[PDB]
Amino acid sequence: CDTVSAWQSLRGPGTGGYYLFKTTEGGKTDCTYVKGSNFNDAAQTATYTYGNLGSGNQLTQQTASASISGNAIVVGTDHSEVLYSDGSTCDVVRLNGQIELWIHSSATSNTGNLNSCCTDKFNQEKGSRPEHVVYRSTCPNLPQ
């Protein structure tokens, strides 16, 4: 289960975006997501649009520059260390001690059949910490 690089994780397929599927973090807002655009492969920088479910059944949106530092995806002060990513469908990252399993928008109808490398890494790294499911099928589509 050789991981792709942090840049390959950030960029993913280069289209769509990622929903937070499971996390060790409690109190997370439903439909937490990130979506990259304006990918600069040379500089390994992108625009991130991110948010979660707000009012009126609409996703919130805030933008930030996303970049890479070592093996972490950097958004503001958040450095999310890439534990495993396939660069295509899912990522397992560590941020503020929390273990997070993110899924590409193309993978949201198969959450029981995700890349074994992603689920194995998430299950290993969370240890005895209870998981929380943040994604649901009724989450709105990502910002277009």
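Numbering starts at 1 and runs along the sequence shown.
- Between the stretches 107-115 and 76-84, it is 107-115 that shows the larger average CA temperature factor.
- Higher average CA B factor: 61-69, of the stretches 61-69 and 87-95.
- Per the deposited coordinates, the residue with the largest Cα temperature factor out of 101, 31, 43, 34 is 43.
- Sort the modelled residues of the chain by CA B factor and residue 15 lands in the highest third.
- The PDB entry assigns residue 141 a C-alpha temperature factor belonging to the highest third of its chain's modelled residues.
- Among the modelled residues of the chain, residue 125 sits in the middle third by CA temperature factor in this PDB entry.
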